[PDB]
Amino acid sequence: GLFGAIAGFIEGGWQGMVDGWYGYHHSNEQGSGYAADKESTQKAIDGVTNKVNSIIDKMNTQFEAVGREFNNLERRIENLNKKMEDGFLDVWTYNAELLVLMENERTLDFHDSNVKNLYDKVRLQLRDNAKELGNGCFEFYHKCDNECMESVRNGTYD
Amino acid sequence: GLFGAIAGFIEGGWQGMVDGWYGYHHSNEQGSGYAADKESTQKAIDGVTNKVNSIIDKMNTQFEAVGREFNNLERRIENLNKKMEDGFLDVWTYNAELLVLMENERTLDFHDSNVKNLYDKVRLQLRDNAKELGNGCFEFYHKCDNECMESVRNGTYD
Amino acid sequence: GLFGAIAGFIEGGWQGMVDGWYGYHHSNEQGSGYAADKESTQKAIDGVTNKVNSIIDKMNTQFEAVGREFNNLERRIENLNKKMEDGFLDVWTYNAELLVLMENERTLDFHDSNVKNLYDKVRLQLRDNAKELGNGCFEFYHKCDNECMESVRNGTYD
Amino acid sequence: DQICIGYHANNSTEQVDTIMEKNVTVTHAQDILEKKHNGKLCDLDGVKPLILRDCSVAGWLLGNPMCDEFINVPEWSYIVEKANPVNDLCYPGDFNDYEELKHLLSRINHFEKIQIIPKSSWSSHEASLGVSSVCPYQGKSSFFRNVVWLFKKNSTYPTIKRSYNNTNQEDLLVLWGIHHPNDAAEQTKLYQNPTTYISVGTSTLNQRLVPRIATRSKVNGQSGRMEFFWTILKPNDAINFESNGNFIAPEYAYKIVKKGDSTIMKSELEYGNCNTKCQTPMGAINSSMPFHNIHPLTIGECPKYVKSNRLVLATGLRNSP
Amino acid sequence: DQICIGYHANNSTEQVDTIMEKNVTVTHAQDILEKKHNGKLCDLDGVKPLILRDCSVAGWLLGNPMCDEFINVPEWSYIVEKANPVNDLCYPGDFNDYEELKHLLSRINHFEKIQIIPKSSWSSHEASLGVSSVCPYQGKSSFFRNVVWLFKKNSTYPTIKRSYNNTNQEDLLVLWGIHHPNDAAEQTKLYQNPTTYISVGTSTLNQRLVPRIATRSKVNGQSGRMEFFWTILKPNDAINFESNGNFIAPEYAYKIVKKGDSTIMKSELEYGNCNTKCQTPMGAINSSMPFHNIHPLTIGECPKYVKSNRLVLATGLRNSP
Amino acid sequence: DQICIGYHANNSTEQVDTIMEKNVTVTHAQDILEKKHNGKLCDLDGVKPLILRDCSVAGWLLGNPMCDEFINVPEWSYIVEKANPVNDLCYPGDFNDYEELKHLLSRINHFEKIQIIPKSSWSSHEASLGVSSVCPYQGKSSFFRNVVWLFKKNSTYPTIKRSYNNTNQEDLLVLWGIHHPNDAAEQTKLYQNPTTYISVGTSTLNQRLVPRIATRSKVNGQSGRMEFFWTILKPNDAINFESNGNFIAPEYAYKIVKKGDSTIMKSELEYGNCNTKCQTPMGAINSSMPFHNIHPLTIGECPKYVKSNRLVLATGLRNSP
Ligand SMILES: *[C@@H]1O[C@H](CO)[C@@H](O)[C@H](O)[C@H]1NC(C)=O
Ligand SMILES: *[C@@H]1O[C@H](CO)[C@@H](O)[C@H](O)[C@H]1NC(C)=O
Ligand SMILES: *[C@@H]1O[C@H](CO)[C@@H](O)[C@H](O)[C@H]1NC(C)=O
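See below:
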């Protein structure tokens, strides 16, 4: 991952977070659990959905083969016709396969980026008040209670 | 933004900075204002200018339609000729539209990256001596005066 | 560089590190030297090797020109045949040249990303215990001895 | 007390390819390539295709006696023809500009057959005797049903001067023929006159056919050859025939009432009693995918054909093991 | 005391598209698609096109009496012809290999007309009588100006043996014709001889034309047809004519002095008294953009045609609201 | 005590292009475009090409007396022909459907020449006299070696009725010709009969050729023309000839034993006594690169042709100065 978060400094994903693509795990005296970050998740859903649609429609004006026949003494133009129809099909197959390859790489990176930015949003707030463990987690210096946990996710802390 | 700076942790741009693409806002007892970072701005101008030129010239060897006529009993090769001319025009329209789409995404990311790197350049120098607010700004621990402000932009501080 | 490490905050590469693409320079009372990070280097070798192979094979189904002849009164279909063969060659030249251009940009960024992530891996461990100089280096607060240096590269420190 | 950032993993086994890495397992993916078809030939948007079966286009238009199934066909969506139809050109020969005609058929959905010259109208020539063992119908010698093989009457073949004008508002496809005998005695026997011609003319066509007497291989037991011609007679134009022998004359012609969207596909498949919005020569497609890999030649609302075995987009992220 | 990092915003309303997001407002953008034209037909690089108006290429080359505007035309940049020119082939017929000739014209910028066979040189045949009410000039019966319709003189049509050798250093376009009468009596009236031929030969061409007598629809009041042929006579080659009737003979031919870069465009537009470096059949382009969407067929220093409605590159960054 | 992160630099001077930056120096790169060839014509995979040299395909198939080098040629990989071979069609004329034949040759690797009609078998006509000063062999008048120019014997040219049936299991290429004299007296001198024809027929072909007597430019000292025709005689089909003069008759035909992968390339180069896996008309390629820029037309295991001067991938990182 270009951004270093997914399968990087965060070793793996969470089976326990069914709620969305990115979110938080909290743990304290009151207990522990997962909460998805709906905003960045939705920003991700829109981006990916538009991408698919863009991919689909840019390919909607493509080459259509048209049945065309030739007699025994029109071999040259028949062959011309064969090499032309095949030429375009090859061009478009290539276009389709390459776009998918390139855009798959961009989609994986996009998710990686969203995770890193979410990490940074939480880091920029916690500041001194938490030890950054180097695994996606922040161990608090001071006790943090469920409302204190809302606060971080909320974006309003301290 | 993949890099998290533009319309991310820096909420919006500055109408008051007319001088260049990226720069600084300073505020102290002596006053306040904007100063563009000419170096990264120029690095950005060159990159974008070369990109356009590259885009323009890679498309300079394209398909040219050539008027071609056929009688009432050459419908097959006329149609061949029609489907061939249209095939290439479609191929090149697609190429043009896709390049622009992909390269627009790269240009927006490029700017985002330049902003983040400029942020990091300033962060790496200020170190302990400033509270990182989490909005693009550094509140100083100690008084900083216009010459002290030059110093940060200068790249030579402390 | 989109990631700010290569020819960014790390001003230049090391002639003295012949061992791999990315690694470490250490300096202490016992001496000084280079050690490549084999894991990220190998991750980089695999990525780049697959890329080349992918580039090579997506272009393996291309247009082949086929010698084709016409008499003095078949100028229209001869010209058709000329503009068709040239059309595809132009399409594929463009595809080849563009892929290389785009993928060269991605390869340089990929290396930049690997360097930054390696920097971050070391930063996340050293924490308070080292002054981050802002040039790729960490000056230690406490004496670090060759085994202490293994420890950082090892990923197990403190 | 800890707060952690993380991302979704699941039990997904779906894989995507990238330039740098193949078979990356992702939490979610969208397959965009249709690989399934139903293997049948179907109605297109409710409208049955014209499935020629064992007949060829030539066998159908000329009226090969074995192609009675197609004496009057309804509106069609597409036409299906076998690679090598047995029922074509029963009396051996050539069909002039056949492929240009076939091309013109791809832009036609309906024909209406009208009598342009009645069989019962030939006064100085015999009309009921132009039959052949090459073109059987129910065990007996017969002939193409839309044209008339005319012979001499009472040892005479007077010069034919005939004329048809297209009253109809539609373009009219007109077919006629010429007989190339194998010897001078056959020319005598059939037409009396030794040297013959057929002249055909409209406002665009300027034609004169001269019979070629030559010895050749027996095809279906015939050494003679028939050579067939066609033209499109515009509205309010007339077609003039003049001949003194060897004339295979039009009895019927076809009014064109053409939808204009159609194709002749080559297939060995039979009718499948199904309906579809997208047909290929191998089978029909019912899919919401943007691409398919079934066959290049399709008709209807159809996905884009690509030559890929696999097209899968990543939507989710890299799934953890 | 604060120092902040930031970026430029402005009052821009320019929008760009990306794969993930449409209509992103950017501080700066560069439009690269030209959408405007001037709607006129113009001189190309100073050089006026040949605007045929109501004449067709055939009407111009053969010398249709109504096409006197083009008796001698200057050097041209491109040629413009209407979809359906009224002034073509005034005496009805066909123009043999017409489209191959038109193709050859696309690689020609100048013709010089020279007399190869003088009208005043026919001794045993009449030359001033080959005129027709189908080809009027100023109310009177006339005929194609570059060819000669020869008749019998004093009840005789001796065999024509004629010959021209190309002295000129340039390739020469030579046109000739044949008359297909409607009946045997017309053949008698016009040429005396019942069965005719025309033989034409150079070092490459081996030709014999036989007239086709047939009854056909009146086009412009004529049931006869004219059929026109052409060839390119190389330097120092000779063209041999031999005929005993039905011969439409060359009076004039065209020397080719060809720039070699040209096209025949189809347009209903008239001359626009303008100059341009890039011409389309819809209008001229004066642009510094790399792409345009006006029309596929252009000539000159021209942007690349694409079928897009919009091509805009981002240069600046995402503008803040 | 310091630990630093860093990256590899070297003494590399290799450069790559990107969209935003040209000539970026990288530590490592892989050139993927082959720019070198050996400039020779070589054997392909061990198998020598048929290098016609000064002969044309027509000159070779018909048996131009100067093309004896190719009387019986072995299996070939590809064929090489000059732009303008001197030894073609020594007695001037045309070769009917020549380009369609050339196309068919591109799918053939071996011919075997068999005698279909012996020279020693003509009883009522002279066979040893059909020779010409246009087709010299060793200073003496000669003629195409695979066909026979037949004349009248003892002031008579009886009607020829000939027939060949293809016993062989292979398709057979059969060539024949017709002579177009320059005058009626030559027609008399050569064949006696004033008006002639040649009729050719198989199960597919229905042909009658009529000689064209006309005066034309001398090409190689001849005003006569020869016109050559060909057909592919299927297995177990027969070819029927009937003529009363002007007949250039087949002595030899070619059995087709065709590999099916070949091309006719145009080149002025001679044989280079080399072996290769990839041949272009300019020279052979021995490369492990995926692309090359030598020439569009190649044969064998070949890289993809592109029109680039340079294709270099970055593998390493940006090298520091
Ligand atoms: C064809 O017949 C119609 C019906 O009378 C007539 O108006 C038209 O002129 C005719 N066209 C000819 C005679 O070519
Ligand atoms: C054509 O005329 C020129 C001028 O005398 C002559 O040199 C040339 O040989 C002639 N070509 C022929 C007779 O075919
Ligand atoms: C050709 O000759 C073979 C050999 O006898 C024969 O079987 C075949 O029927 C012949 N074909 C004809 C006569 O067309």
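Residue numbers (PDB author numbering), protein chains in the order written: chain F, 1 to 158; chain F', 1 to 158; chain F'', 1 to 158; chain E, 5 to 325; chain E', 5 to 325; chain E'', 5 to 325. A prime marks a further copy of an entry chain.
For each residue, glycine too, the CB sits at the ideal point set by N, CA and C.
Beta-carbon neighbours of residue i, restricted to chain F and to distances below 7 Å
i: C8 (chain E); result: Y24, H25, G136 and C137
i: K58 (chain F''); result: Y94, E97 and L98
Residue i: first and last residue of the uninterrupted alpha helix (DSSP H) it sits in
i: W64 (chain E); result: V61 to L66
i: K43 (chain F''); result: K38 to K58
i: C144 (chain F'); result: No alpha helix (DSSP H) holds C144 (chain F'); DSSP gives it neither H nor E.
i: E11 (chain F''); result: Note, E11 (chain F''): premise wrong, no alpha helix (DSSP H); not H, not E.
i: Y102 (chain E); result: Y102 to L109
Local conformation of residue i per DSSP, three classes
i: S113 (chain F); result: helix
i: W126 (chain E); result: coil
i: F233 (chain E'); result: strand
i: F63 (chain F''); result: coil
i: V18 (chain F'); result: coil
i: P294 (chain E''); result: coil
i: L179 (chain E); result: strand
i: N186 (chain E''); result: coil
i: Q196 (chain E'); result: coil
i: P307 (chain E'); result: coil
i: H26 (chain F''); result: strand
i: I252 (chain E'); result: strand
Under 9 Å between C-beta atoms of residue i and residue j
i: residue 333 (chain E'); j: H12 (chain E'); result: The requested residue 333 (chain E') is not part of the displayed model; chain E' covers only 5 to 325.
i: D101 (chain E); j: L108 (chain F'); result: no
i: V28 (chain E''); j: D21 (chain E''); result: yes
i: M230 (chain E''); j: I260 (chain E''); result: no
i: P215 (chain E''); j: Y201 (chain E''); result: yes
i: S291 (chain E''); j: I164 (chain E''); result: no
i: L154 (chain E''); j: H129 (chain E''); result: yes
i: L317 (chain E); j: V52 (chain F); result: yes
Unbroken beta strand (DSSP E) run spanning residue i, endpoints
i: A257 (chain E); result: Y256 to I260
i: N277 (chain E''); result: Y275 to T280
i: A242 (chain E); result: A242 to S247
i: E116 (chain E'); result: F115 to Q119
i: residue 3 (chain E''); result: With chain E'' covering only 5 through 325, there is no way to say anything about residue 3 (chain E'').
i: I217 (chain E'); result: That residue, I217 (chain E'), is in no beta strand (DSSP E); it is neither H nor E in DSSP.
8 Å Cβ cut-off: residues of chain E'' touching residue i
i: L73 (chain F); result: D101 and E104
Within chain E', the residues that residue i reaches when beta carbons sit closer than 7 Å
i: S207 (chain E''); result: Within 7 Å Cβ-Cβ: nothing; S207 (chain E'') doesn't reach chain E', min ~30 Å.
Chain-ordered chain E contacts of residue i [CB-CB under 7 Å]
i: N104 (chain F); result: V20, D21, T22, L317 and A318
Listed by chain order, chain E'' residues near residue i by CB distance under 7 Å
i: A253 (chain E'); result: Per Cβ cutoff of 7 Å: no residues; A253 (chain E') is ~16 Å from chain E'' at best.
Residue i: contacting residues in chain E (beta-carbon distance under 8 Å)
i: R68 (chain F'); result: None at all; the shortest Cβ gap to chain E is about 18 Å.
Proximal chain F'' residues relative to residue i, where beta-carbon distance stays under 9 Å
i: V91 (chain F); result: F63, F88, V91, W92 and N95
i: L124 (chain F'); result: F9, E132, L133, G134 and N135
Partner residues on chain F' for residue i, Cβ-Cβ distance less than 7 Å
i: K83 (chain F''); result: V66
Beta-carbon neighbours of residue i, restricted to chain F and to distances below 8 Å
i: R153 (chain F'); result: Going along chain F, no residue has its Cβ under 8 Å from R153 (chain F'), so there is no contact; the nearest lies around 22 Å.
Interface residues of chain E' facing residue i [CB-CB closer than 9 Å]
i: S113 (chain F); result: Chain E' residues near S113 (chain F): none, gap ~12 Å exceeds 9 Å.
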